[PDB]
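Asker: sequence first, structure after, both from an experimental entry:
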Amino acid sequence: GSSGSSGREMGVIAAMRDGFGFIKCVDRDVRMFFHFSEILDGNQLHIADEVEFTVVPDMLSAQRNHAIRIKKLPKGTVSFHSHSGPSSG
């Protein structure tokens, strides 16, 4: 409760590689490379798990956007129609 942080985006996990993963935004068609350090929020993410992050273009690197303090959102808050890709493999 020190600084005010507004403007958070939600997305579904597209990958959880051993060490990292991806978060497909509902509005954007690109993943958001994240680290297994912001998930400290408390929640074992999983394939297709809604999450909330502030994200920022940074100040020093004046570039790249990373998701900080990753908090898994409950079922109900997020929701959006998505397509499926039926094809073994």
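Answerer: Happy to help now that I have it. Numbers count the residues shown, from 1 in each chain.

Asker: how near is residue 87 to residue 47?
Answerer: Counting by CB to CB, to the nearest Å, the separation of residue 87 from residue 47 is 17 Å. Backbone N, C-alpha and C define where each C-beta goes, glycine included.

Asker: now residue 22
Answerer: Shown here: residue 22 relative to residue 47, a distance of 11 Å by CB to CB.

Asker: what's the overlap in contacts for the two?
Answerer: Common contacts of residue 22 and residue 47, defined by CB atoms under 8 Å, 6 or more residues apart in numbering, comprise 13, 15.

Asker: look at these two and report which has more neighbours.
Answerer: More crowded of residue 22 and residue 47, by other CB atoms under 10 Å: residue 22, with 16 against 10.

Asker: residue contacts, the residue positioned nearest the centre of the chain?
Answerer: For the chain, the residue sitting closest to the mean C-alpha position, by CA atoms, centre = their mean, is residue 23 at 4.2 Å. Residues in contact with residue 23 (CB under 8 Å, 6+ apart) are 11, 12, 13, 14, 31, 32, 34, 51, 53, 67.

Asker: show residues contacting the longest strand along the chain.
Answerer: In the chain, ranked by residue count with DSSP state E as the criterion, the top strand is strand 9-15. By CB under 8 Å, 6+ apart, the residues outside strand 9-15 that reach it are 21-28, 31-32, 45-53, 55, 73, 77-78, 82.

Asker: in strands, which of those residues fall?
Answerer: Per DSSP E, the contacts of strand 9-15 map to strands at 22, 23, 24, 25, 51, 52, 53.

Asker: can I get the residues you listed in TSV with distance to residue 60?
Answerer: Output for those, formatted as TSV (distance: CB to CB, whole Å):
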residue	distance to residue 60
22	24
23	23
24	27
25	24
51	25
52	24
53	19
